[PDB]
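*Asks:* Got a structure for you, query-v3.pdb, holding PDB, C-alpha atoms.
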```
MODEL        1
ATOM      1  CA  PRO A   1     175.493  65.988 107.442  1.00  0.00           C
ATOM      2  CA  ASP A   2     173.578  64.620 110.427  1.00  0.00           C
ATOM      3  CA  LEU A   3     172.604  61.043 111.447  1.00  0.00           C
ATOM      4  CA  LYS A   4     170.252  62.012 114.296  1.00  0.00           C
ATOM      5  CA  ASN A   5     170.345  58.505 115.938  1.00  0.00           C
ATOM      6  CA  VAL A   6     171.915  55.203 114.928  1.00  0.00           C
ATOM      7  CA  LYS A   7     172.662  51.900 116.734  1.00  0.00           C
ATOM      8  CA  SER A   8     174.118  48.418 116.414  1.00  0.00           C
ATOM      9  CA  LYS A   9     172.275  45.270 115.297  1.00  0.00           C
ATOM     10  CA  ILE A  10     172.038  42.416 116.825  1.00  0.00           C
ATOM     11  CA  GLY A  11     173.851  40.935 119.801  1.00  0.00           C
ATOM     12  CA  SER A  12     174.789  41.384 123.486  1.00  0.00           C
ATOM     13  CA  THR A  13     172.690  44.624 123.805  1.00  0.00           C
ATOM     14  CA  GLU A  14     169.512  42.515 123.213  1.00  0.00           C
ATOM     15  CA  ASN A  15     170.515  39.857 125.810  1.00  0.00           C
ATOM     16  CA  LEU A  16     170.715  41.900 129.018  1.00  0.00           C
ATOM     17  CA  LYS A  17     167.552  40.489 130.625  1.00  0.00           C
ATOM     18  CA  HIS A  18     168.219  36.757 130.187  1.00  0.00           C
ATOM     19  CA  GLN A  19     171.206  35.379 132.199  1.00  0.00           C
ATOM     20  CA  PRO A  20     170.015  32.591 132.233  1.00  0.00           C
ATOM     21  CA  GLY A  21     169.144  31.807 135.850  1.00  0.00           C
ATOM     22  CA  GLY A  22     170.354  28.698 137.742  1.00  0.00           C
ATOM     23  CA  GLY A  23     168.749  26.018 139.964  1.00  0.00           C
ATOM     24  CA  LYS A  24     169.088  23.548 142.900  1.00  0.00           C
ATOM     25  CA  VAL A  25     169.948  19.877 143.428  1.00  0.00           C
ATOM     26  CA  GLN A  26     169.255  17.391 146.221  1.00  0.00           C
ATOM     27  CA  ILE A  27     170.038  13.854 147.289  1.00  0.00           C
ATOM     28  CA  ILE A  28     169.161  10.823 146.754  1.00  0.00           C
ATOM     29  CA  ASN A  29     168.966   9.237 150.200  1.00  0.00           C
ATOM     30  CA  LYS A  30     166.476   7.287 152.367  1.00  0.00           C
ATOM     31  CA  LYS A  31     166.213   4.970 155.321  1.00  0.00           C
ATOM     32  CA  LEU A  32     164.440   1.708 155.994  1.00  0.00           C
ATOM     33  CA  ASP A  33     161.976   0.901 158.872  1.00  0.00           C
ATOM     34  CA  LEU A  34     163.328  -1.586 161.472  1.00  0.00           C
ATOM     35  CA  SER A  35     160.396  -1.311 163.943  1.00  0.00           C
ATOM     36  CA  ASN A  36     158.773  -4.747 163.101  1.00  0.00           C
ATOM     37  CA  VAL A  37     161.922  -6.861 163.545  1.00  0.00           C
ATOM     38  CA  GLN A  38     162.594  -9.754 165.980  1.00  0.00           C
ATOM     39  CA  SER A  39     164.895 -12.819 165.852  1.00  0.00           C
ATOM     40  CA  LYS A  40     163.516 -15.895 164.024  1.00  0.00           C
ATOM     41  CA  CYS A  41     165.131 -18.597 166.209  1.00  0.00           C
ATOM     42  CA  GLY A  42     164.215 -18.397 169.873  1.00  0.00           C
ATOM     43  CA  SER A  43     164.697 -21.177 172.448  1.00  0.00           C
ATOM     44  CA  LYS A  44     166.164 -19.350 175.535  1.00  0.00           C
ATOM     45  CA  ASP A  45     162.712 -18.657 177.079  1.00  0.00           C
ATOM     46  CA  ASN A  46     162.173 -22.427 177.276  1.00  0.00           C
ATOM     47  CA  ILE A  47     164.171 -22.136 180.618  1.00  0.00           C
ATOM     48  CA  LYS A  48     160.625 -21.682 181.942  1.00  0.00           C
TER      49      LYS A  48
ATOM     50  CA  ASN B   1     193.914  -1.406 147.589  1.00  0.00           C
ATOM     51  CA  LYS B   2     196.620   0.814 146.025  1.00  0.00           C
ATOM     52  CA  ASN B   3     194.172   3.531 144.851  1.00  0.00           C
ATOM     53  CA  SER B   4     191.116   3.461 147.205  1.00  0.00           C
ATOM     54  CA  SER B   5     190.885   7.272 147.452  1.00  0.00           C
ATOM     55  CA  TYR B   6     189.836   7.607 143.760  1.00  0.00           C
ATOM     56  CA  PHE B   7     186.717   5.595 144.494  1.00  0.00           C
ATOM     57  CA  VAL B   8     183.266   6.347 145.757  1.00  0.00           C
ATOM     58  CA  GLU B   9     183.570   4.819 149.206  1.00  0.00           C
ATOM     59  CA  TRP B  10     179.838   4.159 149.762  1.00  0.00           C
ATOM     60  CA  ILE B  11     179.953   2.020 146.572  1.00  0.00           C
ATOM     61  CA  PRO B  12     182.398  -0.520 148.112  1.00  0.00           C
ATOM     62  CA  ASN B  13     184.055  -2.895 145.553  1.00  0.00           C
ATOM     63  CA  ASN B  14     183.637  -0.908 142.337  1.00  0.00           C
ATOM     64  CA  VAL B  15     184.487  -3.543 139.740  1.00  0.00           C
ATOM     65  CA  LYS B  16     182.733  -5.664 137.167  1.00  0.00           C
ATOM     66  CA  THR B  17     184.852  -8.277 135.396  1.00  0.00           C
ATOM     67  CA  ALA B  18     184.058 -10.311 132.283  1.00  0.00           C
ATOM     68  CA  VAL B  19     186.633 -12.640 130.708  1.00  0.00           C
ATOM     69  CA  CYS B  20     186.229 -13.931 127.163  1.00  0.00           C
ATOM     70  CA  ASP B  21     188.441 -16.846 126.030  1.00  0.00           C
ATOM     71  CA  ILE B  22     188.951 -15.439 122.514  1.00  0.00           C
ATOM     72  CA  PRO B  23     191.783 -12.864 122.014  1.00  0.00           C
ATOM     73  CA  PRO B  24     192.283 -10.091 119.449  1.00  0.00           C
ATOM     74  CA  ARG B  25     193.583 -11.333 116.067  1.00  0.00           C
ATOM     75  CA  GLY B  26     196.978 -12.878 116.090  1.00  0.00           C
ATOM     76  CA  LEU B  27     197.871 -11.684 119.571  1.00  0.00           C
ATOM     77  CA  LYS B  28     197.982 -13.289 122.984  1.00  0.00           C
ATOM     78  CA  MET B  29     195.756 -11.123 125.097  1.00  0.00           C
ATOM     79  CA  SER B  30     193.933  -7.865 125.780  1.00  0.00           C
ATOM     80  CA  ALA B  31     191.548  -5.980 128.026  1.00  0.00           C
ATOM     81  CA  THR B  32     188.841  -3.288 127.565  1.00  0.00           C
ATOM     82  CA  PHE B  33     188.038  -0.657 130.261  1.00  0.00           C
ATOM     83  CA  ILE B  34     184.716   1.136 130.722  1.00  0.00           C
ATOM     84  CA  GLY B  35     185.032   3.493 133.748  1.00  0.00           C
ATOM     85  CA  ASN B  36     182.570   5.764 135.577  1.00  0.00           C
ATOM     86  CA  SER B  37     184.708   8.470 137.195  1.00  0.00           C
ATOM     87  CA  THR B  38     183.091  11.717 138.369  1.00  0.00           C
ATOM     88  CA  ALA B  39     186.029  13.460 136.588  1.00  0.00           C
ATOM     89  CA  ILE B  40     183.779  13.461 133.565  1.00  0.00           C
ATOM     90  CA  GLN B  41     182.249  16.579 135.141  1.00  0.00           C
ATOM     91  CA  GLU B  42     185.279  18.566 133.910  1.00  0.00           C
ATOM     92  CA  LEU B  43     184.125  18.060 130.275  1.00  0.00           C
ATOM     93  CA  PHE B  44     180.538  19.141 130.990  1.00  0.00           C
ATOM     94  CA  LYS B  45     181.761  22.000 133.099  1.00  0.00           C
ATOM     95  CA  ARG B  46     183.810  23.166 130.047  1.00  0.00           C
ATOM     96  CA  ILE B  47     180.957  22.753 127.653  1.00  0.00           C
ATOM     97  CA  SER B  48     178.526  24.524 129.992  1.00  0.00           C
ATOM     98  CA  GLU B  49     180.929  27.522 130.604  1.00  0.00           C
ATOM     99  CA  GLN B  50     181.659  27.706 126.855  1.00  0.00           C
ATOM    100  CA  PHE B  51     177.913  27.565 125.913  1.00  0.00           C
ATOM    101  CA  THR B  52     177.277  30.366 128.482  1.00  0.00           C
ATOM    102  CA  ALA B  53     179.811  32.591 126.699  1.00  0.00           C
ATOM    103  CA  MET B  54     178.193  32.073 123.303  1.00  0.00           C
ATOM    104  CA  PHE B  55     174.593  32.223 124.673  1.00  0.00           C
ATOM    105  CA  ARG B  56     174.556  35.358 126.947  1.00  0.00           C
ATOM    106  CA  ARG B  57     175.610  37.209 123.747  1.00  0.00           C
ATOM    107  CA  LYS B  58     173.412  35.456 121.086  1.00  0.00           C
ATOM    108  CA  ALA B  59     176.501  34.183 119.282  1.00  0.00           C
ATOM    109  CA  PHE B  60     175.697  31.787 116.474  1.00  0.00           C
ATOM    110  CA  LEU B  61     172.208  31.678 117.861  1.00  0.00           C
ATOM    111  CA  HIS B  62     170.526  33.206 114.758  1.00  0.00           C
ATOM    112  CA  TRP B  63     171.487  30.070 112.829  1.00  0.00           C
ATOM    113  CA  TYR B  64     169.608  27.682 115.173  1.00  0.00           C
ATOM    114  CA  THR B  65     166.655  29.959 116.066  1.00  0.00           C
ATOM    115  CA  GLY B  66     166.657  30.281 112.195  1.00  0.00           C
ATOM    116  CA  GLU B  67     165.812  26.593 112.213  1.00  0.00           C
ATOM    117  CA  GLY B  68     162.889  27.297 114.480  1.00  0.00           C
ATOM    118  CA  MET B  69     164.302  26.564 117.965  1.00  0.00           C
ATOM    119  CA  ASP B  70     162.791  28.667 120.693  1.00  0.00           C
ATOM    120  CA  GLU B  71     165.037  30.441 123.245  1.00  0.00           C
ATOM    121  CA  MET B  72     163.459  28.067 125.855  1.00  0.00           C
ATOM    122  CA  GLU B  73     164.963  25.124 123.944  1.00  0.00           C
ATOM    123  CA  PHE B  74     168.588  26.272 124.480  1.00  0.00           C
ATOM    124  CA  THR B  75     167.712  27.426 128.102  1.00  0.00           C
ATOM    125  CA  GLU B  76     166.179  24.111 129.107  1.00  0.00           C
ATOM    126  CA  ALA B  77     169.167  22.357 127.537  1.00  0.00           C
ATOM    127  CA  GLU B  78     171.746  24.482 129.411  1.00  0.00           C
ATOM    128  CA  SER B  79     169.671  24.184 132.610  1.00  0.00           C
ATOM    129  CA  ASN B  80     169.523  20.447 131.969  1.00  0.00           C
ATOM    130  CA  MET B  81     173.309  20.186 131.558  1.00  0.00           C
ATOM    131  CA  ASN B  82     173.864  22.418 134.648  1.00  0.00           C
ATOM    132  CA  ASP B  83     171.680  20.079 136.659  1.00  0.00           C
ATOM    133  CA  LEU B  84     173.734  17.088 135.515  1.00  0.00           C
ATOM    134  CA  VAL B  85     176.924  18.982 136.501  1.00  0.00           C
ATOM    135  CA  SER B  86     175.378  20.072 139.858  1.00  0.00           C
ATOM    136  CA  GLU B  87     174.571  16.391 140.553  1.00  0.00           C
ATOM    137  CA  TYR B  88     178.059  15.207 139.627  1.00  0.00           C
ATOM    138  CA  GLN B  89     179.393  17.441 142.393  1.00  0.00           C
ATOM    139  CA  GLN B  90     176.921  15.803 144.762  1.00  0.00           C
ATOM    140  CA  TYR B  91     178.265  12.375 143.876  1.00  0.00           C
ATOM    141  CA  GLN B  92     181.903  13.491 144.066  1.00  0.00           C
ATOM    142  CA  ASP B  93     183.974  12.878 147.241  1.00  0.00           C
ATOM    143  CA  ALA B  94     180.780  12.200 149.084  1.00  0.00           C
ATOM    144  CA  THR B  95     180.485  10.599 152.476  1.00  0.00           C
ATOM    145  CA  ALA B  96     178.006   7.949 153.770  1.00  0.00           C
ATOM    146  CA  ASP B  97     176.001  10.721 155.471  1.00  0.00           C
ATOM    147  CA  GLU B  98     172.446  10.232 156.791  1.00  0.00           C
ATOM    148  CA  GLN B  99     170.897  13.670 156.701  1.00  0.00           C
ATOM    149  CA  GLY B 100     170.594  14.746 160.364  1.00  0.00           C
ATOM    150  CA  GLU B 101     170.735  18.149 162.053  1.00  0.00           C
ATOM    151  CA  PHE B 102     171.926  19.696 165.352  1.00  0.00           C
ATOM    152  CA  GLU B 103     169.857  18.911 168.492  1.00  0.00           C
ATOM    153  CA  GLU B 104     170.125  19.710 172.236  1.00  0.00           C
ATOM    154  CA  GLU B 105     169.026  18.478 175.653  1.00  0.00           C
ATOM    155  CA  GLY B 106     165.782  19.122 177.431  1.00  0.00           C
ATOM    156  CA  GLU B 107     164.834  19.054 181.093  1.00  0.00           C
ATOM    157  CA  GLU B 108     164.345  16.463 183.774  1.00  0.00           C
ATOM    158  CA  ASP B 109     162.654  18.792 186.317  1.00  0.00           C
ATOM    159  CA  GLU B 110     159.091  17.613 185.513  1.00  0.00           C
ATOM    160  CA  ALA B 111     156.179  19.762 186.866  1.00  0.00           C
TER     161      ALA B 111
ENDMDL
END
```
Would you put the structure from the file into structure tokens?
*Replies:*
Amino acid sequence: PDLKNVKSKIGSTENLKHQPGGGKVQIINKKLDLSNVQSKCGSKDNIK
Amino acid sequence: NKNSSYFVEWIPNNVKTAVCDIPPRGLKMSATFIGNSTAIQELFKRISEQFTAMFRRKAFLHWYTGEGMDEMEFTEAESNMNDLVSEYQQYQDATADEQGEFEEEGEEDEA
């Protein structure tokens, strides 16, 4: 006898393209703007 | 005060108390803990590394794709879990950092 060609069915041989692929993460951080800010009591200029 | 190094240090004072007057049946007292450690990442690490070892081989996967799930459904899921895990690393041991980068001096010899 002869079998010519035969192969397995179905598993890890059909998976070899798809890893799958991974990704990327990031924070999750900010600031605030302070540029407007002055004190809200204010007598010391009255020295004038 | 005894255990400060097991605590996310940019979330200062990590506690919420509640105190009910009414005990468990026929007993003087109790308490209930609900904790948010990052250590929980070890379980989702396991389950992602385990999933990976079934999935890069198509183990058991015939049974679920047999109920109509597309390969994108398991890949989005795994990706989704992996993202949760990648985040948990980014919350773990972290410092109060403010996202700056290395800079250097100019010149004072104006033209």
*Asks:* Using 10 Å as the limit and counting only C-alpha atoms, can you tabulate each residue of chain A that touches chain B, with its shortest atom-to-atom distance in Å and the two atoms involved, as a Markdown table?
*Replies:*
```
| residue | atom | partner | partner_atom | distance |
| --- | --- | --- | --- | --- |
| A:10 | CA | B:58 | CA | 8.3 |
| A:11 | CA | B:58 | CA | 5.6 |
| A:12 | CA | B:57 | CA | 4.3 |
| A:13 | CA | B:57 | CA | 8.0 |
| A:14 | CA | B:57 | CA | 8.1 |
| A:15 | CA | B:57 | CA | 6.1 |
| A:16 | CA | B:56 | CA | 7.9 |
| A:17 | CA | B:56 | CA | 9.4 |
| A:18 | CA | B:56 | CA | 7.3 |
| A:19 | CA | B:56 | CA | 6.2 |
| A:20 | CA | B:75 | CA | 7.0 |
| A:21 | CA | B:79 | CA | 8.3 |
| A:22 | CA | B:79 | CA | 6.9 |
| A:23 | CA | B:83 | CA | 7.4 |
| A:24 | CA | B:83 | CA | 7.6 |
| A:25 | CA | B:87 | CA | 6.5 |
| A:26 | CA | B:87 | CA | 7.8 |
| A:27 | CA | B:90 | CA | 7.6 |
| A:28 | CA | B:90 | CA | 9.4 |
| A:29 | CA | B:98 | CA | 7.5 |
| A:30 | CA | B:98 | CA | 8.0 |
| A:31 | CA | B:98 | CA | 8.3 |
```
*Asks:* Please compute the CA of residue 48 in chain B-CA of residue 36 in chain B distance, one decimal, in Å.
*Replies:*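 Interatomic distance here is 20.0 Å.
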*Asks:* Pull the neighbourhood of (180.7, 10.0, 151.8) for me: all residues within 8 Å in file coordinates, counting all atoms listed in the file, as a compact mmCIF listing (two decimals) with C-alpha atoms, keeping the file's coordinate frame.
*Replies:*
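Resulting contents of result-v9.txt:
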```
# COMPACT_ATOMS: atom_id res chain seq x y z
CA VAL B 8 183.27 6.35 145.76
CA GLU B 9 183.57 4.82 149.21
CA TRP B 10 179.84 4.16 149.76
CA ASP B 93 183.97 12.88 147.24
CA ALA B 94 180.78 12.20 149.08
CA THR B 95 180.48 10.60 152.48
CA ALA B 96 178.01 7.95 153.77
CA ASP B 97 176.00 10.72 155.47
```
*Asks:* Decode the PyMOL selection byres ((chain B and resi 6) around 12) for the given file into explicit residues and return them as a PyMOL selection string.
*Replies:* chain B and resi 1-5+7-9+11-12+14+35-39+92-94
*Asks:* Generate the output file for the selected residues, C-alpha atoms, as a PDB file, in the frame of the given file.
*Replies:*
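The new file selection.pdb reads:
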```pdb
ATOM      1  CA  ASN B   1     193.914  -1.406 147.589  1.00  0.00           C
ATOM      2  CA  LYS B   2     196.620   0.814 146.025  1.00  0.00           C
ATOM      3  CA  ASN B   3     194.172   3.531 144.851  1.00  0.00           C
ATOM      4  CA  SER B   4     191.116   3.461 147.205  1.00  0.00           C
ATOM      5  CA  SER B   5     190.885   7.272 147.452  1.00  0.00           C
ATOM      6  CA  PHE B   7     186.717   5.595 144.494  1.00  0.00           C
ATOM      7  CA  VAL B   8     183.266   6.347 145.757  1.00  0.00           C
ATOM      8  CA  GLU B   9     183.570   4.819 149.206  1.00  0.00           C
ATOM      9  CA  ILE B  11     179.953   2.020 146.572  1.00  0.00           C
ATOM     10  CA  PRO B  12     182.398  -0.520 148.112  1.00  0.00           C
ATOM     11  CA  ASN B  14     183.637  -0.908 142.337  1.00  0.00           C
ATOM     12  CA  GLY B  35     185.032   3.493 133.748  1.00  0.00           C
ATOM     13  CA  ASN B  36     182.570   5.764 135.577  1.00  0.00           C
ATOM     14  CA  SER B  37     184.708   8.470 137.195  1.00  0.00           C
ATOM     15  CA  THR B  38     183.091  11.717 138.369  1.00  0.00           C
ATOM     16  CA  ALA B  39     186.029  13.460 136.588  1.00  0.00           C
ATOM     17  CA  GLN B  92     181.903  13.491 144.066  1.00  0.00           C
ATOM     18  CA  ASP B  93     183.974  12.878 147.241  1.00  0.00           C
ATOM     19  CA  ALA B  94     180.780  12.200 149.084  1.00  0.00           C
TER      20      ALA B  94
END
```
*Asks:* Could you write range 23-43 of chain A of the block just shown to a file containing N, CA and C atoms, as a PDB file, in the first residue's frame?
*Replies:*
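Now in selection17.pdb:
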```
ATOM      1  N   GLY A  23      -0.924  45.129  23.244  1.00  0.00           N
ATOM      2  CA  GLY A  23      -1.297  46.524  23.122  1.00  0.00           C
ATOM      3  C   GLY A  23      -0.450  47.510  23.918  1.00  0.00           C
ATOM      4  N   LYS A  24      -1.012  48.649  24.342  1.00  0.00           N
ATOM      5  CA  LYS A  24      -0.374  49.672  25.141  1.00  0.00           C
ATOM      6  C   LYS A  24      -1.374  50.470  25.957  1.00  0.00           C
ATOM      7  N   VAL A  25      -0.918  50.795  27.178  1.00  0.00           N
ATOM      8  CA  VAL A  25      -1.571  51.483  28.269  1.00  0.00           C
ATOM      9  C   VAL A  25      -0.950  52.833  28.591  1.00  0.00           C
ATOM     10  N   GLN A  26      -1.740  53.738  29.192  1.00  0.00           N
ATOM     11  CA  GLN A  26      -1.228  55.052  29.533  1.00  0.00           C
ATOM     12  C   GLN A  26      -2.028  55.562  30.720  1.00  0.00           C
ATOM     13  N   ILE A  27      -1.387  56.470  31.458  1.00  0.00           N
ATOM     14  CA  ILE A  27      -2.004  57.212  32.533  1.00  0.00           C
ATOM     15  C   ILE A  27      -2.848  58.373  32.032  1.00  0.00           C
ATOM     16  N   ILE A  28      -4.029  58.755  32.512  1.00  0.00           N
ATOM     17  CA  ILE A  28      -4.405  58.817  33.911  1.00  0.00           C
ATOM     18  C   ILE A  28      -3.664  59.808  34.798  1.00  0.00           C
ATOM     19  N   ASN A  29      -3.400  60.990  34.232  1.00  0.00           N
ATOM     20  CA  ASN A  29      -2.888  62.138  34.958  1.00  0.00           C
ATOM     21  C   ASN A  29      -3.190  63.413  34.183  1.00  0.00           C
ATOM     22  N   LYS A  30      -3.316  64.517  34.936  1.00  0.00           N
ATOM     23  CA  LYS A  30      -3.522  65.894  34.512  1.00  0.00           C
ATOM     24  C   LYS A  30      -2.879  66.816  35.527  1.00  0.00           C
ATOM     25  N   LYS A  31      -2.913  68.103  35.154  1.00  0.00           N
ATOM     26  CA  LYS A  31      -2.778  69.276  35.985  1.00  0.00           C
ATOM     27  C   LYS A  31      -4.060  70.071  36.142  1.00  0.00           C
ATOM     28  N   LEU A  32      -3.946  71.164  36.908  1.00  0.00           N
ATOM     29  CA  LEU A  32      -4.851  72.293  36.899  1.00  0.00           C
ATOM     30  C   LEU A  32      -4.225  73.626  36.498  1.00  0.00           C
ATOM     31  N   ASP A  33      -4.935  74.662  36.050  1.00  0.00           N
ATOM     32  CA  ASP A  33      -4.354  75.952  35.728  1.00  0.00           C
ATOM     33  C   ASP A  33      -4.479  76.840  36.961  1.00  0.00           C
ATOM     34  N   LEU A  34      -3.370  77.416  37.410  1.00  0.00           N
ATOM     35  CA  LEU A  34      -3.218  78.367  38.493  1.00  0.00           C
ATOM     36  C   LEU A  34      -3.064  79.805  38.016  1.00  0.00           C
ATOM     37  N   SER A  35      -3.083  80.128  36.723  1.00  0.00           N
ATOM     38  CA  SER A  35      -2.646  81.422  36.232  1.00  0.00           C
ATOM     39  C   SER A  35      -3.575  82.580  36.579  1.00  0.00           C
ATOM     40  N   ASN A  36      -4.814  82.397  37.036  1.00  0.00           N
ATOM     41  CA  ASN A  36      -5.822  83.392  37.322  1.00  0.00           C
ATOM     42  C   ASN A  36      -5.747  83.886  38.759  1.00  0.00           C
ATOM     43  N   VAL A  37      -4.981  83.251  39.652  1.00  0.00           N
ATOM     44  CA  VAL A  37      -5.204  83.208  41.086  1.00  0.00           C
ATOM     45  C   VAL A  37      -4.439  84.337  41.754  1.00  0.00           C
ATOM     46  N   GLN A  38      -5.123  85.061  42.644  1.00  0.00           N
ATOM     47  CA  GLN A  38      -4.713  86.054  43.619  1.00  0.00           C
ATOM     48  C   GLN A  38      -5.353  85.950  44.996  1.00  0.00           C
ATOM     49  N   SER A  39      -4.757  86.442  46.076  1.00  0.00           N
ATOM     50  CA  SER A  39      -5.397  86.377  47.378  1.00  0.00           C
ATOM     51  C   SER A  39      -6.634  87.255  47.442  1.00  0.00           C
ATOM     52  N   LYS A  40      -7.630  86.838  48.231  1.00  0.00           N
ATOM     53  CA  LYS A  40      -8.971  87.348  48.369  1.00  0.00           C
ATOM     54  C   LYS A  40      -9.219  88.232  49.583  1.00  0.00           C
ATOM     55  N   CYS A  41      -8.353  88.314  50.598  1.00  0.00           N
ATOM     56  CA  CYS A  41      -8.127  89.451  51.460  1.00  0.00           C
ATOM     57  C   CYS A  41      -6.876  90.188  51.001  1.00  0.00           C
ATOM     58  N   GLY A  42      -6.653  91.410  51.483  1.00  0.00           N
ATOM     59  CA  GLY A  42      -5.827  92.376  50.779  1.00  0.00           C
ATOM     60  C   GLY A  42      -5.935  93.801  51.285  1.00  0.00           C
ATOM     61  N   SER A  43      -5.331  94.066  52.454  1.00  0.00           N
ATOM     62  CA  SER A  43      -5.262  95.356  53.100  1.00  0.00           C
ATOM     63  C   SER A  43      -3.906  96.060  53.057  1.00  0.00           C
TER      64      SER A  43
END
```
